[PDB]
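A.B. asks: Before I ask anything, let me first share the structure, which is written out below as structure tokens.
2 protein chains.
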Amino acid sequence: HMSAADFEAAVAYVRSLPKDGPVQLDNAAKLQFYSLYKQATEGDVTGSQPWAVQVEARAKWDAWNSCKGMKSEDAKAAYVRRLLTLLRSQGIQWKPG
Amino acid sequence: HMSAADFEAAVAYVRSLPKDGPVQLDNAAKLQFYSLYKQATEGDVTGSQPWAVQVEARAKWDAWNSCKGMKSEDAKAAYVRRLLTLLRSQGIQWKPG
Numbered sequence: 000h001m002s003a004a005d006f007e008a009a010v011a012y013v014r015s016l017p018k019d020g021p022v023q024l025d026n027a028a029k030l031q032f033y034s035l036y037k038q039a040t041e042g043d044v045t046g047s048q049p050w051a052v053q054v055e056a057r058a059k060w061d062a063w064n065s066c067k068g069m070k071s072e073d074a075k076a077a078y079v080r081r082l083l084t085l086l087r088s089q090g091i092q093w094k095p096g
Numbered sequence: 000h001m002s003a004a005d006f007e008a009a010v011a012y013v014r015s016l017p018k019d020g021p022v023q024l025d026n027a028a029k030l031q032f033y034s035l036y037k038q039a040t041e042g043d044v045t046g047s048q049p050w051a052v053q054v055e056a057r058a059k060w061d062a063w064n065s066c067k068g069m070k071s072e073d074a075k076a077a078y079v080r081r082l083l084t085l086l087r088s089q090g091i092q093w094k095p096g
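Heads up: the protein sequence lines correspond to chains B and A, in order. All residue numbers for the first sequence refer to the entry's author numbering, where the first residue is 0 and numbers rise by one. All residue numbers for the second sequence refer to the entry's author numbering, where the first residue is 0 and numbers rise by one.
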């Protein structure tokens with residue numbers, strides 16, 4: 000079954016999605032994927048908080064900061080689970096391959 | 000073109016390979032993928048060196064220790080490039096898609 004070991008396949012799947020294809024990502028989803036991806040691959044949020052005026056960079060950093068403390072494998076599992084749940088919410092089933 | 004950004008896709012591809020499929024991985028290749036993967040995703044080698052009688056665990060840790068100091072993004076790129084060159088050496092072309 001699917002585990003954190005499928006995190007890379009899930010990342011590759013998200014990266015492969017076309018701009019206007021069958022899968023749509025709202026800002027919330029993009030921020031969830033971004034922050035879990037960074038937590039999974041870099042650990043806790045790095046550096047200083049971006050300027051408020053950089054609202055997208057700041058939102059990304061804040062979303063990553065909201066994951067501080069999460070173990071890398073737990074972030075990987077959460078990323079995969081979120082992809083699976085998002086795809087189901089759009090009528091799509093996924094597995095690696 | 001391909002870059003470290005395709006690391007996840009390359010990992011997922013290697014995981015997808017069946018035991019006796021078109022792609023064959025010798026021990027050297029397995030140790031290269033393992034050590035670059037660990038370097039890329041965890042940084043420098045962790046913990047104590049395994050006992051020699053544990054030949055495979057020792058070989059894997061030693062291969063990871065040989066990557067110590069390598070920047071994570073450089074490890075990712077090296078992994079992707081190694082997959083591309085390994086596949087070419089068996090008459091296969093790969094790309095994420």
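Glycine is no exception: its CB is placed at the ideal position from the N, C-alpha and C atoms.
Should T40(A) be flagged as near chain B, meaning a C-beta pair shorter than 8 Å?
C.D. replies: yes
A.B. asks: So within the region 29-82 of chain A, which uninterrupted alpha helix (DSSP H) runs reach at least 4 residues, ignoring any that extend past its ends?
C.D. replies: 54-64
A.B. asks: So, with DSSP's three-state summary, where would you put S2(B)?
C.D. replies: The answer is coil: DSSP assigns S2(B) none of H, G, I, E or B.
A.B. asks: In or out: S34(A) buried (at least 16 other Cβ within 10 Å) or exposed?
C.D. replies: buried
A.B. asks: Out of curiosity, what's the CA-to-CA distance linking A28(B) and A51(A)?
C.D. replies: 47 Å
A.B. asks: Excluding the five sequence neighbours on either side, which residues of its own chain have a C-beta within less than 6 Å of the C-beta of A62(B), listed in chain order?
C.D. replies: So the list reads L30 and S34, once near-sequence residues are dropped.
A.B. asks: Using a threshold of 8 Å, state whether the C-beta atoms of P95(A) and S15(B) are closer than that.
C.D. replies: Here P95(A) is near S15(B), since their CB atoms are less than 8 Å apart.
A.B. asks: Tell whether a beta-carbon distance below 8 Å holds between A39(B) and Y12(B).
C.D. replies: no
A.B. asks: Can you list, in chain order, the residues of its chain with a C-beta nearer than 6 Å to that of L86(B)? Leave out the 5 residues immediately preceding and following it.
C.D. replies: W93
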